[PDB]
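# sequence and experimental coordinates follow.
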Amino acid sequence: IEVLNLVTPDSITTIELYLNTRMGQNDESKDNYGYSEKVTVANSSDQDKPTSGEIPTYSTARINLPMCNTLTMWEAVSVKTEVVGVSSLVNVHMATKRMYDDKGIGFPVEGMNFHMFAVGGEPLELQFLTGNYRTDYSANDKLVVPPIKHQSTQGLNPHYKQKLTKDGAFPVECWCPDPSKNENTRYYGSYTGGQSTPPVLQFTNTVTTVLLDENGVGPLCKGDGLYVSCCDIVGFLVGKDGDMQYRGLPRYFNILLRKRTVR
Amino acid sequence: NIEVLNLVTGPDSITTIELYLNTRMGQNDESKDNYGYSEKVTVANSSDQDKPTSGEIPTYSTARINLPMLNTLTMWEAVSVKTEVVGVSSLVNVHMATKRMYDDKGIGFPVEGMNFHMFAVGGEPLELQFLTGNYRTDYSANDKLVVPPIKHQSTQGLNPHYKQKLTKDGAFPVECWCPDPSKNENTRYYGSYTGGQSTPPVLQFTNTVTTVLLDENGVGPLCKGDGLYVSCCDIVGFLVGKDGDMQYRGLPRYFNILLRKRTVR
Amino acid sequence: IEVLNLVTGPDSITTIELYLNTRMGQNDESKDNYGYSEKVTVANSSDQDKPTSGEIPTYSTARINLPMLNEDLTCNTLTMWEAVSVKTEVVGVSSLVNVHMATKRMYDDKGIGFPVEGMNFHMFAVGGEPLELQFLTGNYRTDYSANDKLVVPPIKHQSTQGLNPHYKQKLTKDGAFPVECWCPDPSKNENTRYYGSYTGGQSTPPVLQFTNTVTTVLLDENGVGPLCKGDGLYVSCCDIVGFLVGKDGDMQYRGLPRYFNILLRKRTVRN
Amino acid sequence: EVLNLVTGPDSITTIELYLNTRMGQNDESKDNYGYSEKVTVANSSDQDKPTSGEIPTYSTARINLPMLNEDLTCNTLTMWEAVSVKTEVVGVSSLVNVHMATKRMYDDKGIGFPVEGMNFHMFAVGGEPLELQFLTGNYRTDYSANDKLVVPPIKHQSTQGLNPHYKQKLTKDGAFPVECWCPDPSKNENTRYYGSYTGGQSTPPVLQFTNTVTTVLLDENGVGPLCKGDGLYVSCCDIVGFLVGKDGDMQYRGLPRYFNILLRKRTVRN
Amino acid sequence: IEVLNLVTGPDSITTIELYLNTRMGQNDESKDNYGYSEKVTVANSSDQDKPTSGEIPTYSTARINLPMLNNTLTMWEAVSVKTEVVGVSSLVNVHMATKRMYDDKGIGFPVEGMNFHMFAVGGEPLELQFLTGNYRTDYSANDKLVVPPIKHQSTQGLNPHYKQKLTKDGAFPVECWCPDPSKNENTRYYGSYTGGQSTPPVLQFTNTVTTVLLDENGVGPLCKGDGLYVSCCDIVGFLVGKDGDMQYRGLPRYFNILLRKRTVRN
């Protein structure tokens, strides 16, 4: 894309949406919504076959935007995004393991934190990379995973790529953003690991993230499509008998766009 | 919402509002023992028998302040705020009747664990979204708590049919209500959470920090019907009794707000 | 105080240096355990919470006399000293590099002695009048009568576990106001700046910095610093860096001294 | 001796690449790739001889830049000057996995231990090999279980601090151990390197990934690494922690790194 | 000193480059425990607190002679420093003979616990204040340690009668000497402490960071008698032996200091 000038009233527009988490029980009408199923643990690396619904996936959505030598496209300028329902973590009376010889608080949701989001003019481009090349994903055929398995995929093998084109379908554990592509998408992410680690979270409606690149060009919405993706894991819920489930929270986006002429 | 015009200049164009809010950890009566704490935390046997006891549930603190009464109108516009947690030094106390370190010879455990700190300033009540860790939580032990009368599975995620307004102090549980980011155009909120079991509280206090409430366009919260809305929650951790029983501990918050006159269409 | 212009000329600025030693409970520099509290005790119940004499940290404070400015106190204008900035440091942080003291030790009595560790509390204030204090405690019933030299309210009440504005005081005495029940009153202190932090937990690593290259500006949003009433400069602080854990597990607060280097200038005020 | 920039079309160029991790099992056709072999522990400091493949090494590559063909007999020459780099750790999301054959929490009912503990992250971009200084926690370490490792031929007590007679250049991928080689601060004028270490036993890994951060490689004089012989040197190590096996066996886990480097032509004195 | 104009033009700037090796207690580079302390011992009681020889960390320091320079005189003025801790990557080693995780199947304990990092650059020796956690500490197992000749209860606080200047490498214990903030007008110092028992070390290394040494008036340390003084300490934790015995580990530090010629009144 050769980028021409901005169109100088009716030349900007806002898009609001939220994405609900995809931890593994992704049916809103059922119990454990917004959690994974019970986490299971492989007996050996060649019997690493997770149960259905115990694997978190990326959340994603495509939004439709309004529709010579010169053409106009929607340019994404900025985004205010925030994690919703952080305060739901101020809860230590649920049916959980508890502190101090069954006299103290219930363990709050705690441990692993993974927070990512992305905004672009096309689906987020993915790279396959996993901790265990032999992971068998066939307990849930709705997951999108490569048809073949190889030793090299525990590192970066560029023959194993994909595009985030489906909500609740791409496991975060084997797909990450492809840094060699995504020239038309902006992505930001963090991971805090460990076993019982304190979640450290913020929420405010005053923070704006500029999506313009180093030349003042935001993501350009191809075929007038805006692509928004995320994942937000805030820890594990610890059951009374020590069984554990991922907990994730939803994400909100407020995206400002403008009109931009291209060649 | 409101079509904004020019600022009013000259004398009497500025005013100030100073207040504090007391914590609402669950025992909220200032003449009862345990004021500024929750009652003892209890733990449900299963997720369909999740009924907290009366008073073990932290709620939001909030107040509405009447401001001076004043083609076009004039409204009070909130410009900035100096806000601080009060009584941080009270947590330097290890001689209370608590569990203690090192084979009963060491210090009392200080108040420690979960920290949750939020405050909001707006020209109307804080707009809320329901979201909970357990859609079945039964709040009927305390009929003063404001919660939805219908329980649904989808409220463990974001369901936008479950909204509310923060219009009563000491009644909206923090655990099920958060700021609605899809509204709150006329309010600024700021919040954080540090979890874990016995996590160190990390706290700061000073009278030298000003939070600017002006938005990207240089427009602060505009005070509808001459009302200013201030809300907060400040959990600093848990007090651990001798037998392991635990109570939330909260601290008060101070606000000093600067407001100016703004002309609107 | 109605504030006017700065006074210029070669006598317009002055500098004040001092340090304040810690007041952890054992506050006599000729005695053992100086710079620590006495052994911490633990109440049997909340209505028998009576700390032992010397187990309680208090604020360090001092009033410094400044050069006299006004001989005639019947003029339309007067001059006051105005605190512009302060360079302050915690002294002796390197002392915490010590794992050979008589302490509990790691790894079945073969490892290091526990270093001083746990709760940290750091605050300092510079003002032109005493730091104004608000009473707030974790236990309204706390009985201070083991040490009648502590300054505390004469009445107790449930409401003091929150903010009761009828329970206030001024920091007018070194080593006497307990940290656990007095904090800076944010509804006053118009003429003092304070800065404070707390890091809790049981065995928490202390995290401390020391340098001679950082200046804290004390001017407010309008460019006005603390104005020294009666030509008096008030400096206050507390610096708790953790607990020393004795061989049997008894524990003491440890504190460190603080240094202050303050720049002041002359300012004209209405009289 | 640096002079001014040159103008015109093709005064600029970009180089894009990634480097895979070198934790010990460095063969992409075999199991445990991207991990070390199980860590083993010496019985005494005079018998400290690690097994082959349990030892992390630096990743590195020389990249050929478009050739600057020119008369070598004149007053000036032209060099490629690295201006800036966008670099990120790839696959961070792979650490969101608690179902692998690992030790697990809460009396064998909870999650599998995620990859956790020691984190070591460095990258370097230069116009010649990264210059290395030898420094080890044990001077007696015996690397002779793997003769591919590049280490000094003699051992001396002084190598537990800085002995400047023990230096190297980082000229082979997967060969220079991290544990005994660090960047030499007394040289490397023509390289920029960045590093960090978070230690401890089971420490939460803290990681970020984005495509929006540029690292300026120009020094305080506005001069970037200058690529000798039209060669660009890129180096890294990204240890994200240990995998804990069911029985307590532990392996390093590392992750690949991406680089996108901007370079411009600069005139230098000949 | 009354500072006047800078000296301009050629040979008005110079650079100084050095490193300082750590002084953790075993400070003899030909011996096996170099760059560590001897094993830490723990006193039976505070009145019997006599550390063994070699288990005490001390400051590293050096004086560098600058080129001969000289109503008015010329002095060297330190403008900035680039400094880094060297050999951080050496802490990526969990196969040494040490205590280990998970019932003797897991990693060796890495070097961990207490971190203390400080450096100083000035035009005269760094001025010290005595302050200790235990006034009775008996240092006579090593009479090469420079400590006060007299002891008193008040030295667990700040007693300004107990001062020194950092004039010897590997001799002033870190546990009882700190920078004196009432002096050091002609030195810049920077330090941090992270304590705890087994705390993760958090360390950074880079050749791209410059520390400006000029004060608020644009004046850096002025090198009296053409002497530049550099001091540091870099403790990175403890090595835990198989039986639980522990020793301090330190790392060396590099400095690259830029100086300029400054005219001053005499």
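Nice, I can see it. Numbers count the residues shown, from 1 in each chain, chains lettered A, B, ... in the order given.
# who in the stretch 1-150 of chain A is up against chain B?
Selection of the stretch 1-150 of chain A residues close to chain B by C-beta under 8 Å from any C-beta of the partner chain yields A:16, A:18, A:20-21, A:28-35, A:80, A:82, A:84-96, A:98-110. For the C-beta atoms, the positions are set from N, CA and C on the backbone; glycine is no exception.
# buried subset of those?
Among those, the ones that count as buried by 16 or more other C-beta atoms under 10 Å in any protein chain shown are A:18, A:20-21, A:28, A:32-35, A:80, A:82, A:84-96, A:98-99, A:103-110.
# these in strands, which ones?
The strands, defined by DSSP state E, take in A:18, A:80, A:82 from these.
# contacting residues around the second one?
To tie it back to what came earlier, the one meant is residue A:80. Contact analysis of residue A:80 by C-beta atoms under 8 Å, 6 or more residues apart in numbering or on different chains lists A:205, A:207-209, A:253-254, B:181.
# and for the last one?
For residue A:82, the contact set (C-beta under 8 Å, 6+ apart) comprises A:203-205, A:207, A:251-252, B:181.
# ok, now with 10 Å
Applying C-beta atoms under 10 Å, 6 or more residues apart in numbering or on different chains to residue A:82 gives the contacts A:18, A:117, A:202-207, A:250-254, B:178-179, B:181, B:189, B:191.
# hey, what's it bridged with?
residue A:252 (DSSP bridges).
# name every strand pairing with the helix or strand that contains residue A:201 and say which way it goes.
Element membership of residue A:201 [criterion: DSSP states H and E] is strand A:200-204. Strand A:200-204 has the following sheet partners, assigned by DSSP bridges: strand B:187-194 (antiparallel).
# distance between the partner strand and the chain's centre?
9 Å (C-alpha atoms, centre = their mean, to the nearest Å).
# could I get that strand in CSV with only the CA atoms?
C-alpha atoms of strand B:187-194 as CSV (Å, rounded to 0.1, in the frame of the first residue of the first chain):
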residue,chain,number,x,y,z
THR,B,187,-16.3,10.0,35.0
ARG,B,188,-12.6,9.2,35.4
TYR,B,189,-11.7,6.0,37.2
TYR,B,190,-8.4,4.4,38.2
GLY,B,191,-7.8,1.0,39.7
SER,B,192,-5.4,-1.7,40.5
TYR,B,193,-5.4,-5.2,42.0
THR,B,194,-2.5,-7.2,43.5
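# ok so, going back, and the contacts of the strand holding residue A:201?
Taking C-beta under 10 Å, 6+ apart as the rule, strand A:200-204 contacts A:80, A:82-87, A:89, A:113, A:115, A:192, A:232, A:234-235, A:249, A:252, B:115-118, B:120, B:178-179, B:181, B:188-196, B:199, D:206.
# one more time with 7 Å, if that's ok
A:82-83, A:86, A:234, B:179, B:189-194 (C-beta atoms under 7 Å, 6 or more residues apart in numbering or on different chains).
# now stretch A:149-169
Against stretch A:149-169 from outside (C-beta under 7 Å, 6+ apart): A:22, A:26, A:57-61, A:123-131, A:133-134, A:142-144, A:146, A:170, A:175, A:178, A:229, D:18, D:20-21, D:28-31, D:33-34, D:90, D:256.
# just the buried members of these?
Counted by 16+ other C-beta under 10 Å, these give A:22, A:26, A:57-60, A:123-131, A:133-134, A:143-144, A:146, A:170, A:175, A:178, A:229, D:18, D:20-21, D:28, D:33-34, D:90, D:256 as buried.
# once you drop chain neighbours, what's closest to the residue of chain A found nearest chain E?
Proximity to chain E, evaluated over chain A using C-beta to the nearest C-beta, is greatest for residue A:194 at 11.0 Å. Computed as C-beta to C-beta, 6 or more residues apart in numbering or on different chains, the closest residue to residue A:194 that is not its neighbour in sequence is residue D:204, at 3.2 Å.
# phi first, then psi, for the residue of chain A found nearest chain C.
Taking C-beta to the nearest C-beta as the measure, chain A has residue A:198 as its residue closest to chain C, at 11.1 Å. When read as degrees, to the nearest 10, the backbone of residue A:198 gives phi -60, psi 130.
# ok, residue A:126 to chain B distance?
Distance check for residue A:126 against chain B: by C-beta to the nearest C-beta, to the nearest Å, it reads 24 Å.
# what's the answer for residue A:73, then?
When residue A:73 is compared with chain B (using C-beta to the nearest C-beta), they lie 24 Å apart.
# just checking, that residue touches residue A:223?
No: between residue A:73 and residue A:223 there is no contact under C-beta atoms under 7 Å: 9.4 Å.
# overlap in contacts of these two?
Shared contacts of residue A:73 and residue A:223, defined by C-beta under 7 Å, 6+ apart, are absent.
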